[PDB]
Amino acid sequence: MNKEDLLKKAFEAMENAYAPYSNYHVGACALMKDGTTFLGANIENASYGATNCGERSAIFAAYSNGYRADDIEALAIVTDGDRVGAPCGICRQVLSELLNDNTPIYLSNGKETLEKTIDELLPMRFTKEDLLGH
């Protein structure tokens, strides 16, 4: 699957968002090396702190089906915002552990597209081995 088709999957996921409170929709799609895709959308809650982000929905779905970082080809995350948005800090913390440093993260607001890797988005990362080796 090419970048444009993966972004199309993420825009399809964006229509599945559950965002009664903000009305702000985020779509994501995690593409596995074997070609399997996992959609993700943001899912809000009346208790706002229980809200989940769309890119977390997608990666948690992939891991729950037995995929691991080494099995993931790419992640796309999209909005219809005025500028291209990046994953929030919570999602960066998750992706810092669950993605390898070469996995592209494609970001698009439907007008422009950017490509990042997780190390660019989160300096001075606190890692699994920082904790396990403590």
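Note that residue numbering begins at 1 and tracks the sequence as displayed.
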Between 88-96 and 30-38 (mean CA B-factor, as deposited), the higher: 30-38
Sorting by Cα B-factor within the chain, modelled residues only, which third would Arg56 end up in: lowest, middle or highest? lowest
Place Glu44 in the lowest, middle or highest third of its chain's C-alpha B-factors, as listed in the PDB entry. lowest
Tell me, lowest, middle or highest third: where does the Cα B factor of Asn16 rank within its chain? middle
Entry-reported Cα temperature factor of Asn23, expressed as the chain third it lands in: middle
